[PDB]
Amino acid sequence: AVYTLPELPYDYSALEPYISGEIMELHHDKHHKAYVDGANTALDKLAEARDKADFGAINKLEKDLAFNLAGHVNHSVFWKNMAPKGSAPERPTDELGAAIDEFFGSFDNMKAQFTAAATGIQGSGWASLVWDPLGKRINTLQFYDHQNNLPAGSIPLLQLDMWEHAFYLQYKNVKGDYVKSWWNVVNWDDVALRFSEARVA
């Protein structure tokens, strides 16, 4: 298949007590799997369309592709953006740390902006720290669903799933507590790597 479901880089309960293993299991094994299958199906459907020269469902197929592929991309990044507390730095350092200070003033300012973007979403969405190739800078973006409200070429560095399935079983409606807890499991080493590789464009 074109797209495949990546395995978690840690045990399902490795992020506890901040993120329950119950959510990690459903989220990865069920939700993420769905996006991979959906993205693959969209490509097969588009291939069939070209073969038969029948593009009647093009609008449907392009949304299916964008939605599912965006879901696959967002979650693939999401898993690696996390690590058991203590297994990674609690604050970004070196080049990443300097870059965050440069584009946000400080780590705290970045955190405040990122958190505000995360909790203010009207509907399903993501809070995302991305590398902007055109502006040569780090910005925060608020994705709607998986595939909306973002410029093409944006390279994700750090993402937070704000869909209700990501926190409801544990935090219920209190999205603020979920975000507060999530900061504890951010793998700043992974974000640093993405930054090093992202800034070549």
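Just count from 1 along the sequence shown to find any residue number.
**Q** Which wins on mean Cα temperature factor, 109-117 or 88-96?
**A** Result: 88-96.
**Q** Whose C-alpha has the highest temperature factor in the PDB entry: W131, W126, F103, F78?
**A** It is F103.
**Q** Taking the entry's C-alpha B-factors for this chain, is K136 in the lowest, middle or highest third?
**A** It falls in the top third of the chain.
**Q** By its CA B factor, does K175 count among the lowest, middle or highest third of the modelled residues in the chain?
**A** According to the entry, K175 has a C-alpha B-factor in the chain's highest third.
**Q** Should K63 be placed in the lowest, middle or highest third of its chain by the C-alpha B factor in the entry?
**A** Lowest third, going by the recorded CA B-factors of the chain.
**Q** Within this chain, which third does the Cα B-factor at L158 fall in: lowest, middle or highest?
**A** For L158, whose C-alpha B-factor we compare with every modelled residue in the chain, the answer is the lowest third.
**Q** Sorting the chain's modelled residues by C-alpha B-factor, tell me whether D54 ends up in the lowest, middle or highest third.
**A** Answer is highest: the recorded C-alpha B-factor places it there.
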